[PDB]
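A single chain comes next, written as structure tokens; it is the form deposited without this ligand.
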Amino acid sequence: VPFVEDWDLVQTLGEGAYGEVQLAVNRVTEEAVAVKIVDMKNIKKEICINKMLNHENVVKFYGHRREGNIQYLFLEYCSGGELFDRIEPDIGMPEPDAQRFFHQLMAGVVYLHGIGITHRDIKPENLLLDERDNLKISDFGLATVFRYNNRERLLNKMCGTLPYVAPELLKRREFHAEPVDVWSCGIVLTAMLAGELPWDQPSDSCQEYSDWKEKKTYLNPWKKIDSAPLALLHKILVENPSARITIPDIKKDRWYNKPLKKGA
């Protein structure tokens, strides 16, 4: 069948110092896919990791192609856009919707950690939605392997986005990968339920962070969050990564298992 390998780039999904992401439509089938275009003028690692990903809550990789200095990564398209845009500033979103998004986020993260991969930059802007509002973890440009041959490798590179980064990243030379992603997910949950980020960064020099450690939950954004989800947040946003709740236990949390959302 001729022409089936032709794709028209009909829209720019995202840009920035790294290249661009275009929406591509198959000339024959009209199938939609996202194409990351990078001017070689990192990539090899991202591709390697993407080839390992196979899960309903993680953006799928279809393959790559290059023409000299330009690389083309074909990825699953998420027409729903960023979870970020579903968050109402200073408000958040309905608790049931946030719980559903959180459930899917955990599934994706559990999967990644299961194959020894850490995303390192979990935030609403990197969590995409498909046509059915199903969450998809995207952009593995900062991801890396933390477990190989069943042996865990401690991390030491500072990666991520300050508001979402765990405190140990700023205070310790080495740290475990998993608690870091757990922390990020907690910040994402906060955002979904309060429509605002708790602090610029998790450091003792940051007043907002000191207040949280001092348990002043009567201040925003904590006061806008119901007691059930707030209790979970008290277990996730724990400064000591060794004391921080793990995913297996998040799955046992009361709010996590609380009936709230009717099926579609």
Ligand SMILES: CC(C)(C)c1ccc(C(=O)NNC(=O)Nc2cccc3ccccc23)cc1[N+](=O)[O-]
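A residue's number is simply how far along the shown sequence it sits, counting from 1.
Keep in mind the form deposited with this ligand bound is missing from the figure; the text below concerns it.
Among the residues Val165, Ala177, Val109, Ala191, the one placing a heavy atom within 4.5 Å of this ligand in the entry with it bound is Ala191. Screening 149 to 157, 167 to 175, 99 to 107, 117 to 125 for residues having heavy atoms within 4.5 Å of this ligand in the entry with it bound returns a single hit, 117 to 125. In the entry with it bound, this ligand sits within 4.5 Å of a heavy atom belonging to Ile87. Although the partner is absent here, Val28 sits far enough away that none of its heavy atoms falls within 4.5 Å of this ligand in the entry with it bound. Taking the partner from elsewhere, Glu56 is found to have every heavy atom lying beyond 4.5 Å of this ligand in the entry with it bound. Among residues of the shown chain, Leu197 is one whose heavy atoms approach this ligand to within 4.5 Å in the entry with it bound.
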